[PDB]
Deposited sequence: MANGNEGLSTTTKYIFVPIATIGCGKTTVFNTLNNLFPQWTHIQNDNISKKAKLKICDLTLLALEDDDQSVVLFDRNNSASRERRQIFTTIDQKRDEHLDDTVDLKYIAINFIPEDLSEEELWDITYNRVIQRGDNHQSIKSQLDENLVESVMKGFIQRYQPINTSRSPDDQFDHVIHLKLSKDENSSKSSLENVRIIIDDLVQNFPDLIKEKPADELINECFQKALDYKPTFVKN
């Protein structure tokens, strides 16, 4: 109406950290949010994920883009800011406030050994040697978020997730969905007025967990 705010949720993650499960759960709770999955976009597609993001932020309808890519490498976050900042004036008028929220899927204190152990067994449980090999490449390129310097200092806010083996029958992606919701209620009350009920979060996560694409 007068000064609408849009949000782009940028994961920093490697394969199998739970990005799509968490974003699917969120989309299941908030059907108006736009979940754009890089895995669904051809490498020779006319519109790539950055183009599809801006297109999915034009209407007064569309406030949230779930940007579903690993962005394990620093340059992959730089691309997002530069490309979107650079094409924003093509589509959005000067009343649109755009915020980038990092969703950090890999704790600061996690070792590569435990990162590998958790994500690899998630994904195995499709030549086996080449799925392993692609996962390794995203880990080799992984540069932890560093909001003290370019480009990560352009984030408006960071949400720190956990990456654990499941304990006490609590999947860490479900723990992570709750963190994101609690964080948004606190720090962006206009995005989520009041929480979904706990059982609706559980059911929406159950839907995401048992998704067989």
| property | result |
| --- | --- |
| Regions of the deposited sequence not represented in the model | 1-7, 133-143, 232-236 |
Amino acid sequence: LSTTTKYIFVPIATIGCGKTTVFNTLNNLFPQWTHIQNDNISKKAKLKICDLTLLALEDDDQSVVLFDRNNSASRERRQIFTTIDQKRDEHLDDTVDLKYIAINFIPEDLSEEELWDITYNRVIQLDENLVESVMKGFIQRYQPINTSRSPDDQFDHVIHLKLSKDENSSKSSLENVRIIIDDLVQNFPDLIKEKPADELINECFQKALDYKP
From here on, numbers count along this sequence of modelled residues.
query: Which of 64-72 and 181-189 has higher mean CA B factor, as the PDB entry lists it; finding: 181-189
query: Stretch exceeding the other in mean C-alpha B-factor - 73-81, 129-137; finding: 129-137
query: Entry-reported Cα temperature factor of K165, expressed as the chain third it lands in; finding: highest
query: Cα B factor band for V158 (lowest, middle or highest third within the chain); finding: lowest
query: Chain third (lowest, middle, highest) by recorded CA B-factor, residue given as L200; finding: middle
query: Ranked against its chain, the third holding the CA B-factor of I36; finding: lowest
query: Third assignment of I101 from its chain's C-alpha B-factors; finding: lowest
